[PDB]
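how would this look folded up:
(one chain, ligands or ions: 1)
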Amino acid sequence: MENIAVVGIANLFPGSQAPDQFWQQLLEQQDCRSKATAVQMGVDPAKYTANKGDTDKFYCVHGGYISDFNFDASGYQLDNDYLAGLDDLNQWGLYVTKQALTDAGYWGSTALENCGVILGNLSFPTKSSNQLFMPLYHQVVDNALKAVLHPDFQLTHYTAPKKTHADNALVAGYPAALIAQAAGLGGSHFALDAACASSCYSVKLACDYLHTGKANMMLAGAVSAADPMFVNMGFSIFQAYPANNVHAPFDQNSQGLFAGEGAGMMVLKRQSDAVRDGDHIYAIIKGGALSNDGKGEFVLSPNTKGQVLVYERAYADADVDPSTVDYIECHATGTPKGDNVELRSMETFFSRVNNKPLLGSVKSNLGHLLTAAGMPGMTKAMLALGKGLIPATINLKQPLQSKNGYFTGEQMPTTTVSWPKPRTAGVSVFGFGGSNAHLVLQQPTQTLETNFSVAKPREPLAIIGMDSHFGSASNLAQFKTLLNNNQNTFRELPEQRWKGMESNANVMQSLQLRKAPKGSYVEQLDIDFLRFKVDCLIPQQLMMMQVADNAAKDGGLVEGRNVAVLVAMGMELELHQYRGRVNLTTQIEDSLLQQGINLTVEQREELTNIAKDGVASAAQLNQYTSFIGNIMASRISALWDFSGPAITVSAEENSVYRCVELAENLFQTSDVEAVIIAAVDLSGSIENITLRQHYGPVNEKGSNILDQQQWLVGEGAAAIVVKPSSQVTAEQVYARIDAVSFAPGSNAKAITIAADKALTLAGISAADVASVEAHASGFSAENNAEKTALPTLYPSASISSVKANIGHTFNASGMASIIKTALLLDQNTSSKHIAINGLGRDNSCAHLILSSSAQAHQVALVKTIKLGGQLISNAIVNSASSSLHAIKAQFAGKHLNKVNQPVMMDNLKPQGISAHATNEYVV
Ligand SMILES: [Mg+2]
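Residues are numbered from 1 along each chain as shown. There you are, the coordinates:
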């Protein structure tokens, strides 16, 4: 398809804040890696440093960090004081957005009305999101230790407490919507996670949106700003840090990687428009491709078969002879297994044309920037293509060679070299979970192609396979029966679902809750450990895997095929429990010191271990891989040996509807045969109830739907299989998705604009709609906007919402609505059309039209895992530790000093955050 021009670039990398500064550092072979400090960890790092294999410790503090960056919050379309109170994650993304648009010459342009943004991002806790959840666990730990040790015992806060805006918990998807609002973008926006490949996934999909005309300009970039303690504990349990402290991509002596943080952004336009408008072109994206490794390797290990495949797909897409590639910016992280596999893959592919391109890795200078890792790689390659110079890979003294000696150090510049027919470069990124991307780049040019291929025309999507697990409605058949009988799944909180925290009077007082709300909780799931290869994986991933597997079977899918897996989700907020455990190391030490009780080292470790085990289990290898959101999509692709892209997609409540839009685009721009769209939100956690209370009151009793003033608790997971309508048979089809459309904003006007677009796309009139599936969230501003817009649009249609049956499932809520609607249309025995409306914290309105089809769809070691976990207080107060008796006697009758910083509960109080429709922070 058409050449894409890069017309603006920005970076915030370890060591640099602008592309020319970064380039000069590369030319000078600057090492930008450094040791983490309390600025990164919020604690003294030495207290958490030990040897490999030591529990709750990391064995390496080296990384690529962002030091001495002072964000300027002025000059955006959102108020300075609001933006100043957001995490590095948000601020770094806003910074590179402003810089990249200003570089391209479009900051504040009316052209931004047709500009979208796709953002690679980690679904991990951030330094700010921790502040919103830690006091839940630590108040309970504090009160248990008072009961065990001394009524005046006081636990210290995990770090210096800071007042923290609730929006800092919207980690995965909201940063992309915030960029769109703060820069005035009017096009599509979402975040995605493809682990180390997310930057090139974002660029490739943004090119796709340009090729289908969904936008006339796109921002594509990524940000890596997770809590460094969470990141480094993970790479320590993975044993990914080098035992000899040598991180040296391509070097024989390298034993591992160092991780890193930062952000990057690029501005993309079709080359025809860039030449017409007189933009500065940095480079041409000639083509590229995505792939998944499919079956064969552990979720953290690369598979050469998927890497060769993405090369084949990329040069075919670019229509470029692989003989012409001069330089490849490699994924090479310094991990031995991965460095050798990538060298084998490149040997296999390029030896077919007898080409030996130069090779390099900017991970040598910066570390591995995780979701942002592709940004410095692509920036290096595009600047090298424009300037005709290739910077060195640093610290490379004794280079590896490929399996058969095809590539050696002769192809790896260790100084700046001149460039070795357009100058042509490849960029490769190979992420955890088998997620691969390769982009083909060429030097900038004003010359337009005379002939290029075009995207396929869009078609309605046919839903051919579905499964659902909402509350106690544990499969599609049970959900269908529930809906037809107008029943609900509302129940009291399962005993272990909040780890017993609903019994803590101080926590519940802070949350202003008389009781845990009645709601559609999932108490447990049954799963076949044999089929799914299950140190257990967290329920977020197990729930998604089960429904996706069932939907794939229901849709008649076939193993080994080019099928994509998109998972709509936001972060598992229960991931904060892991640092909730780990941080008690210094919290308990500080408490004992400050209060004046001098235990032995062995007594203090035993006391600390008892408290830790109450909160969470110590990190284990497989369990930590399930903390990584994109891996749940990869696990399905590995089970089915699928080769399409496998990613998570995050856009808050509109996550699923952005997946529908993406699936349509994937069929237009690639040869993918089917797309699984799965969705999961275990939104009955205490963390989610805490978070959503900041936006409006919950219905504690769990019991015109638009007239409700409180939201209902629910949780679960569901999945659908979609194919283009022209490629399914009648007996497969539940219902068709005829249109999905979006409009910026959250008010009644935005609803009518999105609805008009969707009705036009579907080819029907508003009077053709039989009924309306309202969002009906129970947040008053959203309900009130729908009460205005929907009866006006559809005066003769009845309005209802699936949330009345199974509650508000937040990041999965679009899937509940689609599946309810598809089941109803599949039952039609009256051409019938139903509209679905969507609102959320992403500040856009989604509107969908679904339609009935000719026929009803034709149907084709089990272990129980409970959600939640061990009761925190009981695990501490009833501990069977023998040495606990002697510790209690060291406390008996003593006067304790007050601690300097006790656990603070202020951030738990419902914050009263105004809805997007109020425009409270719009300048
Ligand atoms: Mg092309």
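
Which residue, other than its chain neighbours, is closest to residue 177?
residue 842 (3.9 Å; Cβ to Cβ, 6 or more residues apart in numbering). For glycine as for every other residue, the C-beta is placed from the backbone atoms N, C-alpha and C.

My guess is the one you found contacts residue 174. True?
Yes: using Cβ atoms under 8 Å, residue 842 is in contact with residue 174, at 6.8 Å.

Find residues that contact each of the two.
Counting by Cβ atoms under 8 Å, 6 or more residues apart in numbering, the common neighbours of residue 842 and residue 174 are residue 652.

Among those two, which residue is more densely surrounded?
residue 842 (31 against 26; other Cβ atoms under 10 Å).

Report the separation between the residue nearest to residue 177 and residue 119.
Residue 842 is 12 Å from residue 119, where distance means Cβ to Cβ, to the nearest Å.

do residue 657 as well
Going from residue 657 to residue 119 by Cβ to Cβ gives 17 Å.

hang on, the earlier thing: who's in contact with the residue nearest to residue 177?
Contacts of residue 842 by Cβ under 8 Å, 6+ apart are 173, 174, 176, 177, 189, 651, 652, 653, 654.

hmm, back to that, need the residues touching each of residue 842 and residue 119.
Common neighbours of residue 842 and residue 119 (Cβ under 8 Å, 6+ apart) are 176, 189.

Quickly find the element holding the residue nearest to residue 177.
Element membership for residue 842 (DSSP states H and E) is empty, with no helix or strand holding it.

So that it lines up with my notes, have the first residue be 53 from now on.
Sure thing, new numbering starts at 53, so read that last one as residue 894.

about what we covered before: mind checking which of the contacts of residue 894 are in helices?
Judged by DSSP state H, the subset of those located in helices is 226, 228, 229.

I'd like to know which of the contacts of residue 894 are buried.
Buried subset of the contacts of residue 894 (neighbour count, 16 or more other Cβ atoms under 10 Å): 225, 226, 228, 229, 241, 703, 704, 705, 706.

In this structure the first one contacts residue 244, no?
No: under the criterion of Cβ under 8 Å, residue 225 is not in contact with residue 244, lying 9.3 Å apart.

what touches both of those two?
Taking Cβ under 8 Å, 6+ apart as the criterion, residue 225 and residue 244 both touch 173, 702.

does residue 967 really touch residue 831, like I thought?
Yes: using Cβ under 8 Å, residue 967 is in contact with residue 831, at 6.2 Å.

what do the two both touch?
Joint contacts of residue 967 and residue 831 (Cβ under 8 Å, 6+ apart) are 747, 748.

how about the helices in the stretch 803-952 of the chain?
832-845, 855-858, 865-878, 924-929, 936-941 (DSSP state H, counting those that start in this stretch).

just how off-centre is the last one within its chain?
Taking the mean C-alpha point of helix 936-941 and that of its whole chain, the gap between them comes to 45 Å (Cα atoms, centre = their mean, to the nearest Å).

mind listing what's buried in it?
Neighbour counts over helix 936-941 (16+ other Cβ under 10 Å) mark 936, 939 as buried.

now what about that helix, what contacts it?
So helix 936-941 is contacted by 200, 201, 651, 655, 658, 659, 662 (Cβ under 8 Å, 6+ apart).

Mind checking which of those are buried?
Counted by 16+ other Cβ under 10 Å, the contacts of helix 936-941 give 200, 201, 651, 655, 658, 659, 662 as buried.

re earlier: looking at the buried ones among the contacts of residue 894, which is nearest residue 380?
residue 228 (29.1 Å; Cβ to Cβ).

residues touching that closest one, list them.
Residue 228 touches 145, 169, 170, 171, 173, 241, 242, 243, 702, 703, 894, counting by Cβ under 8 Å, 6+ apart.

The residue nearest to residue 565 when sequence neighbours are not counted and residue 545, how far apart?
Leaving aside its sequence neighbours, residue 565 sits nearest to residue 752 (Cβ to Cβ, 6+ apart; 6.8 Å). According to Cβ to Cβ, residue 752 stands 11 Å off from residue 545.

which of these two has more neighbours?
residue 545 (21 against 15).

Tell me if I am right that that one is in a strand.
No: Residue 545 is assigned coil when assessed by DSSP: H, G, I helix; E, B strand; the rest coil, not a strand.

Now do the closest residue to it other than its chain neighbours: how many residues are near it, please.
Nearest residue to residue 545 in three dimensions, chain neighbours excluded: residue 568, at 3.9 Å (Cβ to Cβ, 6+ apart). The burial count assigned to residue 568 is 23, neighbours taken as other Cβ under 10 Å.

which SSE is residue 568 in?
Judged by DSSP H and E, residue 568 forms part of no helix or strand.

contacting residues for it?
544, 545, 550, 554, 738, 741.

buried residues in stretch 869-879?
Applying 16+ other Cβ under 10 Å to stretch 869-879 flags 869, 870, 871, 872, 873, 874, 875, 876, 877, 878 as buried.

Could you list everything residue 312 pairs with in the sheet?
Residue 312 forms beta bridges with residue 116, as assigned by DSSP bridges.

give me the number of residues near it?
The number of residues packed around residue 312, counting by other Cβ under 10 Å, is 27.

Just to check, it is in contact with residue 114?
No: assessed by Cβ under 8 Å, residue 312 is found out of contact with residue 114, at 9.8 Å.

which neighbours do those two share?
Taking Cβ under 8 Å, 6+ apart as the contact rule, residue 312 and residue 114 both touch 85, 419.

Find the residues that touch each one of residue 752 and residue 545.
What both residue 752 and residue 545 touch, as defined by Cβ under 8 Å, 6+ apart, is the set 569, 570.

hmm, which of the contacts of residue 568 are the buried ones?
545, 550, 554, 738, 741.

Excluding residues flanking it in the chain, which one is nearest the fourth one?
In this structure, residue 738 finds its nearest non-sequential neighbour in residue 550, 4.3 Å apart by Cβ to Cβ, 6+ apart.

how close does that neighbour get to residue 556?
Distance, residue 550 to residue 556, using Cβ to Cβ: 9 Å.

Wait, a helix at residue 790?
No: going by three-state DSSP, the assignment for residue 790 is strand, not a helix.

Enumerate every residue touching residue 515.
Residue 515 neighbours (Cβ under 8 Å, 6+ apart): 772, 773, 774, 785, 786, 787, 788, 789, 870, 874.

which of those has the most neighbours?
Neighbour counts for the contacts of residue 515 (other Cβ under 10 Å) peak at residue 772, which has 32 neighbours.

does it really touch residue 874, like I thought?
Yes: using Cβ under 8 Å, residue 772 makes contact with residue 874 at a distance of 7.5 Å.

Please identify every residue contacting each of these two.
515, 518.

Would you enumerate the residues in contact with residue 555?
With Cβ under 8 Å, 6+ apart, residue 555 has these contacts: residue 925.

Recalculate using a threshold of 6 Å.
Counting by Cβ atoms under 6 Å, 6 or more residues apart in numbering, residue 555 makes contact with nothing.

re the thing from before, so which of the contacts of residue 568 would you say is closest to residue 561?
Proximity to residue 561 was ranked across the contacts of residue 568 by Cβ to Cβ; first place goes to residue 554, at 11.9 Å.

ok, now how distant is the spatially closest residue to the closest one that is not a sequence neighbour from residue 257?
Counting by Cβ to Cβ, 6+ apart, the nearest residue to residue 554 once its immediate chain neighbours are dropped is residue 568, at 4.1 Å. The gap separating residue 568 from residue 257 is 40 Å, by Cβ to Cβ.

Next: residue 138.
Taking Cβ to Cβ, one finds residue 138 at 25 Å from residue 257.

Can you point out the helix or strand that includes residue 427?
With DSSP H and E as criterion, residue 427 is part of helix 426-439.

Show me what that helix is packed against.
Applying 3 or more Cβ pairs under 6 Å, 6 or more residues apart in numbering; DSSP states H and E, one finds that helix 426-439 makes contact with strand 56-64, helix 250-263, strand 379-381, strand 476-483.
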